[PDB]
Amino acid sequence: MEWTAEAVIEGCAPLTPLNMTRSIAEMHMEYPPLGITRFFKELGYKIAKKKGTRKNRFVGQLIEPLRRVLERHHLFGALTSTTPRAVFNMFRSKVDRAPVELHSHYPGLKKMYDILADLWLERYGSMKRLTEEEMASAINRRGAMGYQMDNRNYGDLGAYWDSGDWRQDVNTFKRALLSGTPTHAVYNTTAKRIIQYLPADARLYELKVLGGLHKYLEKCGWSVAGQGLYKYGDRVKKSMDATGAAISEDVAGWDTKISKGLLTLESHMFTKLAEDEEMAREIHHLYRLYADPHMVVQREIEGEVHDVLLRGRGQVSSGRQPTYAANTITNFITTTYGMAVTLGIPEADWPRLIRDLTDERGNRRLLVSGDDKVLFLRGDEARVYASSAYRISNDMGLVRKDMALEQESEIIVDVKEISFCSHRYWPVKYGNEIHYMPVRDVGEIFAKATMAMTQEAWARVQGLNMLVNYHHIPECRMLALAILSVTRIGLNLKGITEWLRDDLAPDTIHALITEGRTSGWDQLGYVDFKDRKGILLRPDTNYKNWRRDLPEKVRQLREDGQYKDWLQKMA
């Protein structure tokens, strides 16, 4: 289907497509396009090789006795590689869908982007490019290199980073981008959902230029940027206490629905924040890339596997480091706008509104992380919001997941029923105080801890993370202590913070949750026995047998390293 016209947004620099001839030629397409997509425009294809699931040996073997109940009563879910046929079918089903570019809400959205940018600049100043030390802290060392870099034989981002060759490469990327004819600008893809990512040099560049957005979010009361999961429940509780009603709605396929119009506003805002005029040019040129995404996706026809070069318009790619910060900001702005219009908040009050949301003052609160949000309102405003705010997000194509288009919002009045960041939050006692701590299906928890000496270091970090965040769930505390008992001391955990250490102890956990008002293993709380069902493991004979055999399993899994016994910190 032909693309609609684009939105023309007053006061914003248009995101003109770059000259992509150089980056297209880098993909070495062989054949003219077949054209079987409805939105993406196929430019060509080439014959490929079928592209690709492995469980961590340490975590996997420790939970092996529970695999059956976790697969039968929970959401563990396992694993075969996705076929090219299945990859293209999922692309067509979920990604090959035109964003809604044309609607009447850009002028008011722009006003709020401008308000937020002005508040950040007034309070915190402009945004510098990341330093090398800052980039080293944020890179995923296991990330892929990308087809355009595969012939340099680095293996992964970590090895590429360590080599130091990226320093010249990112400046080569910068110069070509600013010229209007970029190199290495075509997205690679892999299935896990389709992940889209630029080559490693491009990714280090975009991290350097846009990585500072997280620093502003750390200052915002509506963001959880930089904060650990163990803090989120208390923030949900605090926000609810100030309001009394919550609306928690997910958008189906958020990344696929973001329009070039919204990207135009993102770029507008971020260029406002830049330290110097060259930085603003760099940001604007990156968004000229983002808004005109070219990507290679696999398919299979008559037994022949193709690498297909496709061109879209708008949308958001997942394997882009700024995506989290940009999604969070755009989610905050679109949600605040729809709420303010629906509740009739006058536009002259919008600067105060955005300040109060940022300062957690007043009778309206937001919590936002990427495409996930909870809106908190008094009951009276919640009813007004629930009755019609969906019309504005529908206008923008931000259709809500799993409900009818014009279904009124569900108004949540119990803090324990609010889903945020894929968890709910339950009250847990630490000594004589209560903190709200995260729960979700334990099959999901265990699966994420299993599906990736790097392997041992990775497992050990999963155990440290599980102990800090899920010690209130007994099976999670047990698995964590077992992980820490089977993984050796002295590994490089930082390559995989406050608690990321071999000598982790309760005092560190109490410092994070109660600021050290409590102490000891005995004041780390548990959920009530009566609630150990449903999303949590029922404590039946299967569970008690696993617990009985864990000490032996730990001893059998240990090898040549130095280990410490952690299971004695519990039953």
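Just count from 1 along the sequence shown to find any residue number.
Asks: Going by the record, give me the number of deposited-sequence residues missing between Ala78 and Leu79 as none, 1 to 3, 4 to 9, or 10 or more.
Replies: According to the record, 1 to 3 deposited residues lack coordinates from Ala78 to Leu79.
Asks: What number of deposited residues lacks coordinates in the span between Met90 and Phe91: none, 1 to 3, 4 to 9, or 10 or more?
Replies: Per the record, no deposited residues are absent between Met90 and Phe91.
Asks: Tell me which of 363-371 and 345-353 has the higher mean C-alpha B-factor in the deposited entry.
Replies: It is 345-353.
Asks: So, looking at the entry's B-factor column for Cα atoms, which has the higher mean, 269-277 or 335-343?
Replies: Mean CA B-factor is higher for 269-277.
Asks: Return the residue from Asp96, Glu300, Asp241, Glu134 that has the highest Cα B-factor in the entry.
Replies: So the option with the highest C-alpha B-factor is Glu134.
Asks: Among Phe39, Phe58, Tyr526, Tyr45, which carries the highest Cα B-factor?
Replies: Within the set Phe39, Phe58, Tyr526, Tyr45, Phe58 shows the top C-alpha B-factor.
Asks: How does the C-alpha B factor of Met27 compare with the rest of the chain: lowest, middle or highest third?
Replies: Bottom third by C-alpha B-factor.
Asks: Sort the modelled residues of this chain by their C-alpha B factor and say whether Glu417 lands in the lowest, middle or highest third.
Replies: Middle third - that is where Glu417 ends up once the chain's C-alpha B-factors are sorted.
Asks: Would you please rank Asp169 by its C-alpha temperature factor against the other modelled residues of its chain and give the third it falls in: lowest, middle or highest?
Replies: Ranked within chain, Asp169 CA B lands in the highest tercile.
Asks: By the record's CA B-factor, is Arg288 among the lowest, middle or highest third of residues in the chain?
Replies: Its C-alpha B-factor belongs to the lowest third of this chain's values.
Asks: What third of the chain, by the recorded C-alpha B-factor, contains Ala191?
Replies: Top third by C-alpha B-factor.
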